[PDB]
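Where a number appears in this text, it was derived from the coordinates with a stated rule and is not lab data. Every residue, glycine among them, receives a Cβ derived from its backbone with ideal geometry; neighbour counts consider all protein chains shown.
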Amino acid sequence: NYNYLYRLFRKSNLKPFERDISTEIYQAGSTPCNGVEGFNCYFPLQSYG
Amino acid sequence: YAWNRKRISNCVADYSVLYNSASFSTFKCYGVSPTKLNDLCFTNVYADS
């Protein structure tokens, strides 16, 4: 059952009792990440095994 | 089976020139992150090539 999703990257620590549902791809480097993909661009949401 | 081990110590292990380079295909840190790599001090680093 992989329907359970969890966030893996975020710009900064979220404040208490805050819900984040953004699906924008994450960039782990200084290079820009245009479109839906790019160099070392990772989807923030990872399923659960 | 005879991987060479080189001890790296007493220096600055800069990664800006390393990560930013696009010549690499796969690079994952399972215990640390490039963002916090600079702000972390290591006692000794060994390279197995």
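Which numbered condition in (1) touching a residue at least 40 places away in the same chain (Cβ under 8 Å); (2) under 29 Å from A:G38 (Cβ atoms) is the only one that B:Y46 fails?
(2)
Give the stretch B:25-49 a look and list any residue that's surrounded by 10 or more Cβ atoms within 10 Å (Cβ to Cβ), assigned to a loop (DSSP other than H, G, I, E, B) and of a type in the set (V, I, T), or say none.
Within the stretch B:25-49, B:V32 is the sole residue that qualifies.
If you go through the stretch A:27-37, how many residues are small (G, A, S) and exposed (fewer than 14 other Cβ atoms within 10 Å of the Cβ)?
Residues meeting the conditions: 2.
Take the residues of the stretch A:1-24 that are hydrophobic (A, V, I, L, M, F, W, C) and farther than 21 Å from B:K36 by Cβ: which is farthest from the other protein chains (Cβ to nearest Cβ)?
A:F17
Which condition does A:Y6 not pass, out of (1) touching a residue at least 24 places away in the same chain (Cβ under 8 Å); (2) more than 15 Å from the chain's Cα centre (by Cα), if it passes all the others?
(2)
So, in the stretch B:1-24, exactly how many residues are under 16 Å from A:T31 (Cβ atoms) and not in a loop (DSSP other than H, G, I, E, B)?
Qualifying residue count for the region: 4.
Report whether or not A:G38 is assigned to a loop (DSSP other than H, G, I, E, B) and in contact (Cβ under 8 Å) with a residue 40 or more places away in the chain.
It is false that A:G38 is assigned to a loop (DSSP other than H, G, I, E, B) and in contact (Cβ under 8 Å) with a residue 40 or more places away in the chain.
Starting from the stretch B:7-35, take each residue that is more than 10 Å from chain A (Cβ to nearest Cβ) and within 16 Å of B:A47 (Cβ to Cβ) and list its partners that are assigned to a loop (DSSP other than H, G, I, E, B) and of a type in the set (F, W, Y), counting only C-beta distances under 7 angstrom and pairs at least six apart or across chains.
Within 7 Å, the pairs are B:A13/B:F42.
Could you pull out the residue among A:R10, A:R19 that is within 21 Å of B:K28 (Cα to Cα) and either outside any loop (DSSP other than H, G, I, E, B) or among the charged types (D, E, K, R) (or both)?
Going through A:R10, A:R19 in turn, the sole match is A:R10.
Out of B:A13, B:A22, which single residue is under 11 Å from the mean Cα position of the chain (by Cα), surrounded by 10 or more Cβ atoms within 10 Å (Cβ to Cβ) and under 28 Å from A:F9 (Cα atoms)?
None of the other options fit; the residue is B:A13.
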